[PDB]
Amino acid sequence: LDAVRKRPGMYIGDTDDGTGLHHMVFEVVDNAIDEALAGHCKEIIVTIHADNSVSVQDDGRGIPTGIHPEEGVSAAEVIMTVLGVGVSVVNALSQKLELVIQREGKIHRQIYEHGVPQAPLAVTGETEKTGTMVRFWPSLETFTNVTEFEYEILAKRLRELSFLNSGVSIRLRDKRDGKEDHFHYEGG
Amino acid sequence: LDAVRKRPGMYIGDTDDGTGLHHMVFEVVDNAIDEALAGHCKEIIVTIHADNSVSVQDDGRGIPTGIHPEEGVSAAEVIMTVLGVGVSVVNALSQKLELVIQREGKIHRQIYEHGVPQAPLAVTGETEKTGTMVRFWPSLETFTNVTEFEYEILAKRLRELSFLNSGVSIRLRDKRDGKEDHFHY
Ligand SMILES: COC(=O)c1ccc(O)c(O)c1
Ligand SMILES: COC(=O)c1ccc(O)c(O)c1
Ligand SMILES: Nc1nc2ccccc2[nH]1
C-alpha cells in the first residue's frame, strides 16, 4: 500500500475539498452492494457514527476468510492490503478500520491502523448470520479541511444507487442527529 | 515496508522492553560507520535530542542521490523504503525521519513519516561539505513502555564498535542533560 500512501490524491481524489473523503464511503458501498447482490435478502446499512467514522454492512455471504495459498494470510487481509479503486485504498487512508465477517457459522474480526493489520483475522465467536461489516475512521493526516461526513452527499448518492440495484435495500443512519433514510427500489 | 510495520518485533527486536528502541539507533549507526570508513575524516556523531529523537551524522562522501534506474526514485529513497536489517526498518518504525545528504557540492533533504516520503529527495542549497545525516523520531505507536533512550545503552554499544572500527571517531552527545563521550581507538 505504500504507493497509495505516497500519493493519496492520485487514488482517492482531492483530500482537501471533501470529495476524496466521501469517495472513501462510496468505494466501500460499491463492495457492499456487490456482496448484497449475490444474496437473496440483499440489505446494506450505512451508518455515520458520532465519532465521524462510517460503517457499511451487508447481509450477504461474507467475504472469504481462508488463508490465501501464496500470500499466506486470510483472503480478507489480501483484499484489504494489496493494490473502483479497491477497498485497500480506503484501508490505507484510514487511521483505523474494523472488519467483521460472519460466514460458515463463525464471526471473524480484524483491526487495521493506516492499512496495517494489528493481528491476523481471528475467529472470535459463532453466529447464525452472514455478512460483512467495515467501519473506518478516515485518516486525519491525509484528509484535511473537510473532515466530517455530509449526510446529504451520502443520501443523494445512495438514492441514485438504489435505482440501479434492484432488490437491494439500502439504509442510511446518522447517529449524530438520529436522521434515517431507506432507499429501496424493487424494480425488475 | 508493510511487512515491517506488520511485525515490528521480528525486524527490530522487542518493542516493549527498550531492546527494539535502542536497536533503531544501532542500525543507523552501522550505515554511518560504513560511510565514515570510506571518507577521510572518519567521524560519526550520535546525538540524543531533547524531544526524544536521535540523529546520526557522518563526514563521509554522502550516500548516493541519483535516480535509481529501475526503481525510478532517488537511490537514497530506494534504500529508505525497500527491504543487518537495513535502515528501511528504522524508517518504517519512525513517526518521522529526516534525511540530509551533502554530496557533490549540494545539500539534499527529505522527510519521511512512518516510512512514507513526504516529497522526493530535493536539492536545497550548496555546500563544500560531504556526509549524511539521519534524525529519527521513533514511532510511539510501535514502541511502548520504554520510550526514552538510555544513554548508557548507546554508550556501551558505541564503545564496542569503536574497537572494531578502529580508525573511526565516534562522538555521543545527550542534549537532555549534557552528558557526552568520545570513543576513538
Ligand atoms: C471487499 O469487500 C469489502 O471491503 C466490503 C464488502 C462488504 C461490505 O459490507 C463492506 O463494508 C466492505
Ligand atoms: C543508507 O545510509 C544511511 O541510512 C545512513 C548513512 C550515513 C549516516 O550518517 C546515517 O545516519 C544514515
Ligand atoms: N500515524 C500513522 N500514520 C501512518 C502511516 C503509515 C503507517 C502507519 C502510520 N501511523
# chains A, B, ... in the order shown; residues from 1 in each chain; ligands from 1
$ closest_atom_pairs --of "chain A" --to "chain B" --cutoff "9 Å" --atoms "only C-alpha atoms" --output "Markdown table"
| residue | atom | partner | partner_atom | distance |
| --- | --- | --- | --- | --- |
| A:1 | CA | B:2 | CA | 7.4 |
| A:2 | CA | B:116 | CA | 7.0 |
| A:5 | CA | B:116 | CA | 6.7 |
| A:6 | CA | B:116 | CA | 6.0 |
| A:81 | CA | B:2 | CA | 8.9 |
| A:115 | CA | B:2 | CA | 8.5 |
| A:116 | CA | B:6 | CA | 5.9 |
| A:117 | CA | B:6 | CA | 6.3 |
| A:118 | CA | B:6 | CA | 7.0 |
| A:119 | CA | B:6 | CA | 8.1 |
$ residues_near_ligand --ligand "ligand 1" --cutoff "6 Å" --atoms "only C-alpha atoms and all ligand atoms" --output "list in words"
residues 28, 31, 32, 35, 56, 57, 58, 87, 132, 133 and 134 of chain A
$ write_last_selection --atoms "N, CA and C atoms" --output "mmCIF file, in the first residue's frame"
data_model
loop_
_atom_site.group_PDB
_atom_site.id
_atom_site.type_symbol
_atom_site.label_atom_id
_atom_site.label_comp_id
_atom_site.auth_asym_id
_atom_site.auth_seq_id
_atom_site.Cartn_x
_atom_site.Cartn_y
_atom_site.Cartn_z
ATOM 1 N N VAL A 28 -16.476 1.784 -0.388
ATOM 2 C CA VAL A 28 -16.897 0.689 0.491
ATOM 3 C C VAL A 28 -18.304 0.239 0.118
ATOM 4 N N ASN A 31 -18.460 -2.135 -2.856
ATOM 5 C CA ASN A 31 -18.177 -3.513 -2.446
ATOM 6 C C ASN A 31 -19.350 -4.160 -1.723
ATOM 7 N N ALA A 32 -20.033 -3.389 -0.884
ATOM 8 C CA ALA A 32 -21.161 -3.913 -0.115
ATOM 9 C C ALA A 32 -22.326 -4.303 -1.015
ATOM 10 N N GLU A 35 -21.586 -7.503 -2.694
ATOM 11 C CA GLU A 35 -21.868 -8.564 -1.740
ATOM 12 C C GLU A 35 -23.360 -8.785 -1.580
ATOM 13 N N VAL A 56 -20.301 0.309 6.974
ATOM 14 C CA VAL A 56 -21.136 -0.203 5.904
ATOM 15 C C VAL A 56 -21.234 -1.685 6.169
ATOM 16 N N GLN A 57 -22.450 -2.208 6.223
ATOM 17 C CA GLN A 57 -22.637 -3.636 6.448
ATOM 18 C C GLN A 57 -23.626 -4.177 5.453
ATOM 19 N N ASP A 58 -23.451 -5.444 5.102
ATOM 20 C CA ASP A 58 -24.371 -6.151 4.234
ATOM 21 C C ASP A 58 -24.666 -7.483 4.872
ATOM 22 N N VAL A 87 -10.949 -1.506 -2.055
ATOM 23 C CA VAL A 87 -11.086 -1.187 -0.637
ATOM 24 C C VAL A 87 -9.733 -0.998 0.066
ATOM 25 N N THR A 132 -20.787 -8.991 5.918
ATOM 26 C CA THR A 132 -19.518 -8.311 6.091
ATOM 27 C C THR A 132 -19.830 -6.936 6.641
ATOM 28 N N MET A 133 -18.961 -6.447 7.513
ATOM 29 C CA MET A 133 -19.076 -5.099 8.040
ATOM 30 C C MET A 133 -17.689 -4.487 8.031
ATOM 31 N N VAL A 134 -17.609 -3.258 7.541
ATOM 32 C CA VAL A 134 -16.377 -2.479 7.571
ATOM 33 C C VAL A 134 -16.725 -1.145 8.186
#
$ residues_around --residues "residue B:140" --least-positions-apart "3" --cutoff "10 Å" --atoms "only C-alpha atoms" --output "PyMOL selection string"
chain B and resi 15+93-95+137+143-147
$ write_last_selection --atoms "N, CA, C and O atoms" --output "PDB file, in the first residue's frame"
ATOM      1  N   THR B  15       9.622  -4.532  21.156  1.00  0.00           N
ATOM      2  CA  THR B  15       9.154  -3.151  21.121  1.00  0.00           C
ATOM      3  C   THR B  15       8.589  -2.650  22.452  1.00  0.00           C
ATOM      4  O   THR B  15       8.122  -1.514  22.526  1.00  0.00           O
ATOM      5  N   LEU B  93       9.477   2.255  11.140  1.00  0.00           N
ATOM      6  CA  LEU B  93       9.080   2.350  12.546  1.00  0.00           C
ATOM      7  C   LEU B  93       9.359   3.704  13.192  1.00  0.00           C
ATOM      8  O   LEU B  93       9.337   3.820  14.423  1.00  0.00           O
ATOM      9  N   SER B  94       9.600   4.723  12.374  1.00  0.00           N
ATOM     10  CA  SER B  94       9.790   6.077  12.864  1.00  0.00           C
ATOM     11  C   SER B  94       8.602   6.900  12.445  1.00  0.00           C
ATOM     12  O   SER B  94       8.273   6.943  11.266  1.00  0.00           O
ATOM     13  N   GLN B  95       7.983   7.588  13.397  1.00  0.00           N
ATOM     14  CA  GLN B  95       6.898   8.517  13.060  1.00  0.00           C
ATOM     15  C   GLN B  95       7.372   9.690  12.196  1.00  0.00           C
ATOM     16  O   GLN B  95       6.586  10.265  11.442  1.00  0.00           O
ATOM     17  N   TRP B 137      12.551   9.972  14.777  1.00  0.00           N
ATOM     18  CA  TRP B 137      11.667  10.043  15.914  1.00  0.00           C
ATOM     19  C   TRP B 137      10.961   8.702  15.939  1.00  0.00           C
ATOM     20  O   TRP B 137      10.129   8.439  15.072  1.00  0.00           O
ATOM     21  N   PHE B 143       6.656   1.606  19.716  1.00  0.00           N
ATOM     22  CA  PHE B 143       7.476   1.426  20.911  1.00  0.00           C
ATOM     23  C   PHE B 143       6.723   1.828  22.159  1.00  0.00           C
ATOM     24  O   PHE B 143       6.308   2.980  22.309  1.00  0.00           O
ATOM     25  N   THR B 144       6.548   0.854  23.040  1.00  0.00           N
ATOM     26  CA  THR B 144       5.775   1.030  24.248  1.00  0.00           C
ATOM     27  C   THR B 144       6.647   0.824  25.473  1.00  0.00           C
ATOM     28  O   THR B 144       7.770   0.321  25.376  1.00  0.00           O
ATOM     29  N   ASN B 145       6.115   1.249  26.616  1.00  0.00           N
ATOM     30  CA  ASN B 145       6.772   1.154  27.928  1.00  0.00           C
ATOM     31  C   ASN B 145       8.089   1.937  27.986  1.00  0.00           C
ATOM     32  O   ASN B 145       8.122   3.044  28.528  1.00  0.00           O
ATOM     33  N   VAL B 146       9.160   1.373  27.433  1.00  0.00           N
ATOM     34  CA  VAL B 146      10.428   2.080  27.351  1.00  0.00           C
ATOM     35  C   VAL B 146      10.391   2.882  26.072  1.00  0.00           C
ATOM     36  O   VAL B 146      10.523   2.328  24.979  1.00  0.00           O
ATOM     37  N   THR B 147      10.213   4.183  26.210  1.00  0.00           N
ATOM     38  CA  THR B 147      10.145   5.054  25.054  1.00  0.00           C
ATOM     39  C   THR B 147      11.241   6.082  25.014  1.00  0.00           C
ATOM     40  O   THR B 147      11.377   6.783  24.015  1.00  0.00           O
TER      41      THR B 147
END
$ residues_around --residues "residue A:160" --least-positions-apart "5" --cutoff "10 Å" --atoms "only C-alpha atoms" --output "list in words"
residues 155, 165, 183 and 185 of chain A
$ residues_around --residues "residue B:138" --least-positions-apart "6" --cutoff "10 Å" --atoms "only C-alpha atoms" --output "PyMOL selection string"
chain B and resi 21-22+24-25+52-54+90-97+114+147-148
$ write_last_selection --atoms "N, CA, C and O atoms" --output "PDB file, in the first residue's frame"
ATOM      1  N   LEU B  21      13.867  -0.401  20.565  1.00  0.00           N
ATOM      2  CA  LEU B  21      14.076   1.041  20.554  1.00  0.00           C
ATOM      3  C   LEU B  21      15.535   1.389  20.345  1.00  0.00           C
ATOM      4  O   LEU B  21      15.861   2.220  19.503  1.00  0.00           O
ATOM      5  N   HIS B  22      16.407   0.765  21.124  1.00  0.00           N
ATOM      6  CA  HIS B  22      17.838   1.027  21.008  1.00  0.00           C
ATOM      7  C   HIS B  22      18.467   0.452  19.752  1.00  0.00           C
ATOM      8  O   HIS B  22      19.386   1.052  19.192  1.00  0.00           O
ATOM      9  N   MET B  24      17.174   0.534  16.933  1.00  0.00           N
ATOM     10  CA  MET B  24      16.911   1.532  15.888  1.00  0.00           C
ATOM     11  C   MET B  24      18.138   2.386  15.662  1.00  0.00           C
ATOM     12  O   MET B  24      18.569   2.581  14.529  1.00  0.00           O
ATOM     13  N   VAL B  25      18.693   2.876  16.762  1.00  0.00           N
ATOM     14  CA  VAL B  25      19.908   3.672  16.728  1.00  0.00           C
ATOM     15  C   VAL B  25      21.055   2.868  16.137  1.00  0.00           C
ATOM     16  O   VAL B  25      21.776   3.367  15.279  1.00  0.00           O
ATOM     17  N   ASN B  52      13.390  13.506  22.266  1.00  0.00           N
ATOM     18  CA  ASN B  52      13.445  12.069  22.215  1.00  0.00           C
ATOM     19  C   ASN B  52      13.765  11.480  20.849  1.00  0.00           C
ATOM     20  O   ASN B  52      13.518  10.296  20.617  1.00  0.00           O
ATOM     21  N   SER B  53      14.307  12.289  19.948  1.00  0.00           N
ATOM     22  CA  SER B  53      14.785  11.778  18.675  1.00  0.00           C
ATOM     23  C   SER B  53      16.276  11.548  18.787  1.00  0.00           C
ATOM     24  O   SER B  53      16.920  12.032  19.718  1.00  0.00           O
ATOM     25  N   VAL B  54      16.816  10.807  17.828  1.00  0.00           N
ATOM     26  CA  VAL B  54      18.257  10.589  17.730  1.00  0.00           C
ATOM     27  C   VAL B  54      18.717  10.926  16.318  1.00  0.00           C
ATOM     28  O   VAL B  54      18.063  10.548  15.353  1.00  0.00           O
ATOM     29  N   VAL B  90      14.161   1.051  10.215  1.00  0.00           N
ATOM     30  CA  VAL B  90      14.121   2.207  11.113  1.00  0.00           C
ATOM     31  C   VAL B  90      13.123   3.243  10.605  1.00  0.00           C
ATOM     32  O   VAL B  90      12.355   3.811  11.378  1.00  0.00           O
ATOM     33  N   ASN B  91      13.163   3.487   9.300  1.00  0.00           N
ATOM     34  CA  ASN B  91      12.272   4.432   8.645  1.00  0.00           C
ATOM     35  C   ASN B  91      10.815   4.030   8.825  1.00  0.00           C
ATOM     36  O   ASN B  91       9.978   4.853   9.193  1.00  0.00           O
ATOM     37  N   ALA B  92      10.532   2.754   8.582  1.00  0.00           N
ATOM     38  CA  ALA B  92       9.178   2.213   8.727  1.00  0.00           C
ATOM     39  C   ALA B  92       8.612   2.373  10.135  1.00  0.00           C
ATOM     40  O   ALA B  92       7.414   2.600  10.292  1.00  0.00           O
ATOM     41  N   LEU B  93       9.477   2.255  11.140  1.00  0.00           N
ATOM     42  CA  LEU B  93       9.080   2.350  12.546  1.00  0.00           C
ATOM     43  C   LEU B  93       9.359   3.704  13.192  1.00  0.00           C
ATOM     44  O   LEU B  93       9.337   3.820  14.423  1.00  0.00           O
ATOM     45  N   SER B  94       9.600   4.723  12.374  1.00  0.00           N
ATOM     46  CA  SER B  94       9.790   6.077  12.864  1.00  0.00           C
ATOM     47  C   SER B  94       8.602   6.900  12.445  1.00  0.00           C
ATOM     48  O   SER B  94       8.273   6.943  11.266  1.00  0.00           O
ATOM     49  N   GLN B  95       7.983   7.588  13.397  1.00  0.00           N
ATOM     50  CA  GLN B  95       6.898   8.517  13.060  1.00  0.00           C
ATOM     51  C   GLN B  95       7.372   9.690  12.196  1.00  0.00           C
ATOM     52  O   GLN B  95       6.586  10.265  11.442  1.00  0.00           O
ATOM     53  N   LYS B  96       8.659  10.013  12.299  1.00  0.00           N
ATOM     54  CA  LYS B  96       9.299  10.979  11.428  1.00  0.00           C
ATOM     55  C   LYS B  96      10.770  10.616  11.267  1.00  0.00           C
ATOM     56  O   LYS B  96      11.408  10.157  12.213  1.00  0.00           O
ATOM     57  N   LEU B  97      11.289  10.806  10.062  1.00  0.00           N
ATOM     58  CA  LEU B  97      12.705  10.612   9.779  1.00  0.00           C
ATOM     59  C   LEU B  97      13.125  11.705   8.831  1.00  0.00           C
ATOM     60  O   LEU B  97      12.485  11.913   7.801  1.00  0.00           O
ATOM     61  N   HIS B 114       6.464   7.708   9.099  1.00  0.00           N
ATOM     62  CA  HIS B 114       6.122   6.279   9.127  1.00  0.00           C
ATOM     63  C   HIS B 114       6.606   5.533   7.875  1.00  0.00           C
ATOM     64  O   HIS B 114       5.934   4.633   7.369  1.00  0.00           O
ATOM     65  N   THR B 147      10.213   4.183  26.210  1.00  0.00           N
ATOM     66  CA  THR B 147      10.145   5.054  25.054  1.00  0.00           C
ATOM     67  C   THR B 147      11.241   6.082  25.014  1.00  0.00           C
ATOM     68  O   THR B 147      11.377   6.783  24.015  1.00  0.00           O
ATOM     69  N   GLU B 148      12.032   6.167  26.075  1.00  0.00           N
ATOM     70  CA  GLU B 148      13.088   7.149  26.152  1.00  0.00           C
ATOM     71  C   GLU B 148      14.417   6.438  26.052  1.00  0.00           C
ATOM     72  O   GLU B 148      14.601   5.357  26.619  1.00  0.00           O
TER      73      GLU B 148
END
$ residues_near_ligand --ligand "ligand 2" --cutoff "7 Å" --atoms "only C-alpha atoms and all ligand atoms" --output "ChimeraX atom specification"
/B:28-29,31-32,35,44,55-58,63,76,79-80,87,131-134
$ atom_distance --atom1 "atom CA of residue B:170" --atom2 "atom CA of residue B:26"
12.6 Å
$ select_by_dssp --residues "stretch 49-142 of chain B" --states "strand (DSSP E)" --output "MDAnalysis selection string"
chainID B and resid 54:58 94:103 106:113 116:117 122:126 131:138
$ closest_residue --among "A:101, A:121, A:41, A:50" --to "residue A:78" --atoms "only C-alpha atoms"
A:121
$ closest_residue --among "A:3, A:180, A:162, A:73" --to "ligand 3" --atoms "only C-alpha atoms and all ligand atoms"
A:3
$ residues_around --residues "stretch 166-177 of chain A" --least-positions-apart "4" --cutoff "9 Å" --atoms "only C-alpha atoms" --output "PyMOL selection string"
chain A and resi 33+36-37+40-52+151+154-155+158-159+161-162+181-188
$ write_last_selection --atoms "N, CA and C atoms" --output "PDB file, in the first residue's frame"
ATOM      1  N   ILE A  33     -22.576  -3.477  -2.020  1.00  0.00           N
ATOM      2  CA  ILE A  33     -23.624  -3.741  -2.991  1.00  0.00           C
ATOM      3  C   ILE A  33     -23.339  -5.018  -3.761  1.00  0.00           C
ATOM      4  N   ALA A  36     -24.115  -7.698  -1.460  1.00  0.00           N
ATOM      5  CA  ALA A  36     -25.558  -7.801  -1.265  1.00  0.00           C
ATOM      6  C   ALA A  36     -26.253  -8.438  -2.464  1.00  0.00           C
ATOM      7  N   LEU A  37     -25.759  -8.140  -3.655  1.00  0.00           N
ATOM      8  CA  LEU A  37     -26.325  -8.645  -4.893  1.00  0.00           C
ATOM      9  C   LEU A  37     -26.164 -10.133  -5.063  1.00  0.00           C
ATOM     10  N   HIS A  40     -29.917 -13.292  -1.470  1.00  0.00           N
ATOM     11  CA  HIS A  40     -31.303 -13.075  -1.862  1.00  0.00           C
ATOM     12  C   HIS A  40     -32.022 -11.998  -1.015  1.00  0.00           C
ATOM     13  N   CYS A  41     -31.660 -11.835   0.242  1.00  0.00           N
ATOM     14  CA  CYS A  41     -32.271 -10.789   1.067  1.00  0.00           C
ATOM     15  C   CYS A  41     -31.861  -9.402   0.682  1.00  0.00           C
ATOM     16  N   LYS A  42     -30.584  -9.245   0.469  1.00  0.00           N
ATOM     17  CA  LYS A  42     -29.964  -8.012  -0.024  1.00  0.00           C
ATOM     18  C   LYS A  42     -30.287  -6.758   0.782  1.00  0.00           C
ATOM     19  N   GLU A  43     -29.597  -6.572   1.899  1.00  0.00           N
ATOM     20  CA  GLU A  43     -29.686  -5.307   2.628  1.00  0.00           C
ATOM     21  C   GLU A  43     -28.307  -4.813   3.000  1.00  0.00           C
ATOM     22  N   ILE A  44     -28.064  -3.527   2.756  1.00  0.00           N
ATOM     23  CA  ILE A  44     -26.882  -2.857   3.289  1.00  0.00           C
ATOM     24  C   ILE A  44     -27.340  -1.728   4.208  1.00  0.00           C
ATOM     25  N   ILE A  45     -26.528  -1.457   5.224  1.00  0.00           N
ATOM     26  CA  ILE A  45     -26.775  -0.372   6.156  1.00  0.00           C
ATOM     27  C   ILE A  45     -25.515   0.461   6.231  1.00  0.00           C
ATOM     28  N   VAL A  46     -25.669   1.757   5.988  1.00  0.00           N
ATOM     29  CA  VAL A  46     -24.586   2.717   6.075  1.00  0.00           C
ATOM     30  C   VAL A  46     -24.885   3.585   7.276  1.00  0.00           C
ATOM     31  N   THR A  47     -23.927   3.670   8.189  1.00  0.00           N
ATOM     32  CA  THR A  47     -24.101   4.430   9.416  1.00  0.00           C
ATOM     33  C   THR A  47     -22.990   5.436   9.577  1.00  0.00           C
ATOM     34  N   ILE A  48     -23.374   6.675   9.851  1.00  0.00           N
ATOM     35  CA  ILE A  48     -22.429   7.717  10.188  1.00  0.00           C
ATOM     36  C   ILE A  48     -22.424   7.726  11.693  1.00  0.00           C
ATOM     37  N   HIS A  49     -21.294   7.369  12.274  1.00  0.00           N
ATOM     38  CA  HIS A  49     -21.200   7.298  13.712  1.00  0.00           C
ATOM     39  C   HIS A  49     -20.868   8.660  14.285  1.00  0.00           C
ATOM     40  N   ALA A  50     -21.077   8.792  15.588  1.00  0.00           N
ATOM     41  CA  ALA A  50     -20.851  10.052  16.297  1.00  0.00           C
ATOM     42  C   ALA A  50     -19.388  10.478  16.373  1.00  0.00           C
ATOM     43  N   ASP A  51     -18.467   9.528  16.202  1.00  0.00           N
ATOM     44  CA  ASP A  51     -17.023   9.812  16.212  1.00  0.00           C
ATOM     45  C   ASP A  51     -16.459  10.082  14.807  1.00  0.00           C
ATOM     46  N   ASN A  52     -17.359  10.414  13.880  1.00  0.00           N
ATOM     47  CA  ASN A  52     -17.085  10.600  12.454  1.00  0.00           C
ATOM     48  C   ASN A  52     -16.349   9.458  11.754  1.00  0.00           C
ATOM     49  N   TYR A 151     -24.307  14.225   5.457  1.00  0.00           N
ATOM     50  CA  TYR A 151     -25.424  13.298   5.270  1.00  0.00           C
ATOM     51  C   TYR A 151     -26.053  13.388   3.878  1.00  0.00           C
ATOM     52  N   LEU A 154     -24.170  11.664   1.011  1.00  0.00           N
ATOM     53  CA  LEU A 154     -24.364  10.220   1.067  1.00  0.00           C
ATOM     54  C   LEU A 154     -25.769   9.813   0.660  1.00  0.00           C
ATOM     55  N   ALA A 155     -26.773  10.488   1.208  1.00  0.00           N
ATOM     56  CA  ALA A 155     -28.164  10.151   0.902  1.00  0.00           C
ATOM     57  C   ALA A 155     -28.508  10.297  -0.579  1.00  0.00           C
ATOM     58  N   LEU A 158     -26.782   7.344  -2.476  1.00  0.00           N
ATOM     59  CA  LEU A 158     -27.412   6.066  -2.144  1.00  0.00           C
ATOM     60  C   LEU A 158     -28.786   5.942  -2.801  1.00  0.00           C
ATOM     61  N   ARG A 159     -29.525   7.051  -2.859  1.00  0.00           N
ATOM     62  CA  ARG A 159     -30.795   7.088  -3.580  1.00  0.00           C
ATOM     63  C   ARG A 159     -30.584   6.742  -5.049  1.00  0.00           C
ATOM     64  N   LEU A 161     -28.147   5.125  -6.354  1.00  0.00           N
ATOM     65  CA  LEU A 161     -27.672   3.749  -6.409  1.00  0.00           C
ATOM     66  C   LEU A 161     -28.790   2.728  -6.277  1.00  0.00           C
ATOM     67  N   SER A 162     -29.799   3.032  -5.465  1.00  0.00           N
ATOM     68  CA  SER A 162     -30.908   2.096  -5.260  1.00  0.00           C
ATOM     69  C   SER A 162     -31.643   1.766  -6.559  1.00  0.00           C
ATOM     70  N   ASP A 181     -32.817   7.211   6.637  1.00  0.00           N
ATOM     71  CA  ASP A 181     -33.474   7.092   5.342  1.00  0.00           C
ATOM     72  C   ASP A 181     -33.428   5.644   4.910  1.00  0.00           C
ATOM     73  N   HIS A 182     -34.340   5.287   4.019  1.00  0.00           N
ATOM     74  CA  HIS A 182     -34.398   3.942   3.490  1.00  0.00           C
ATOM     75  C   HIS A 182     -34.677   4.010   2.006  1.00  0.00           C
ATOM     76  N   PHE A 183     -33.691   3.575   1.234  1.00  0.00           N
ATOM     77  CA  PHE A 183     -33.760   3.588  -0.209  1.00  0.00           C
ATOM     78  C   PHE A 183     -33.884   2.163  -0.676  1.00  0.00           C
ATOM     79  N   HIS A 184     -35.033   1.846  -1.252  1.00  0.00           N
ATOM     80  CA  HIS A 184     -35.273   0.515  -1.741  1.00  0.00           C
ATOM     81  C   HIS A 184     -36.162   0.582  -2.963  1.00  0.00           C
ATOM     82  N   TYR A 185     -35.596   0.218  -4.107  1.00  0.00           N
ATOM     83  CA  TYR A 185     -36.330   0.219  -5.354  1.00  0.00           C
ATOM     84  C   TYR A 185     -36.465  -1.231  -5.783  1.00  0.00           C
ATOM     85  N   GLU A 186     -37.703  -1.692  -5.942  1.00  0.00           N
ATOM     86  CA  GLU A 186     -37.954  -3.113  -6.185  1.00  0.00           C
ATOM     87  C   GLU A 186     -38.262  -3.465  -7.637  1.00  0.00           C
ATOM     88  N   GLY A 187     -37.727  -2.688  -8.577  1.00  0.00           N
ATOM     89  CA  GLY A 187     -37.930  -2.935  -9.999  1.00  0.00           C
ATOM     90  C   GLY A 187     -37.233  -4.192 -10.471  1.00  0.00           C
ATOM     91  N   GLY A 188     -37.716  -4.746 -11.574  1.00  0.00           N
ATOM     92  CA  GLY A 188     -37.156  -5.979 -12.124  1.00  0.00           C
ATOM     93  C   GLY A 188     -37.708  -7.217 -11.441  1.00  0.00           C
TER      94      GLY A 188
END
$ closest_residue --among "A:4, A:10, A:97, A:54" --to "residue A:29" --atoms "only C-alpha atoms"
A:54
$ residues_around --residues "residue A:64" --least-positions-apart "4" --cutoff "8 Å" --atoms "only C-alpha atoms" --output "ChimeraX atom specification"
/A:74-76
$ write_last_selection --atoms "N, CA and C atoms" --output "PDB file, in the first residue's frame"
ATOM      1  N   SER A  74      -5.115 -14.525   5.431  1.00  0.00           N
ATOM      2  CA  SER A  74      -6.516 -14.668   5.047  1.00  0.00           C
ATOM      3  C   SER A  74      -6.831 -13.880   3.783  1.00  0.00           C
ATOM      4  N   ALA A  75      -7.718 -14.435   2.964  1.00  0.00           N
ATOM      5  CA  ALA A  75      -8.176 -13.777   1.740  1.00  0.00           C
ATOM      6  C   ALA A  75      -8.652 -12.348   2.001  1.00  0.00           C
ATOM      7  N   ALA A  76      -9.391 -12.157   3.092  1.00  0.00           N
ATOM      8  CA  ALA A  76      -9.859 -10.833   3.506  1.00  0.00           C
ATOM      9  C   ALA A  76      -8.712  -9.839   3.679  1.00  0.00           C
TER      10      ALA A  76
END
$ atom_distance --atom1 "atom CA of residue B:184" --atom2 "atom CA of residue B:19"
25.1 Å
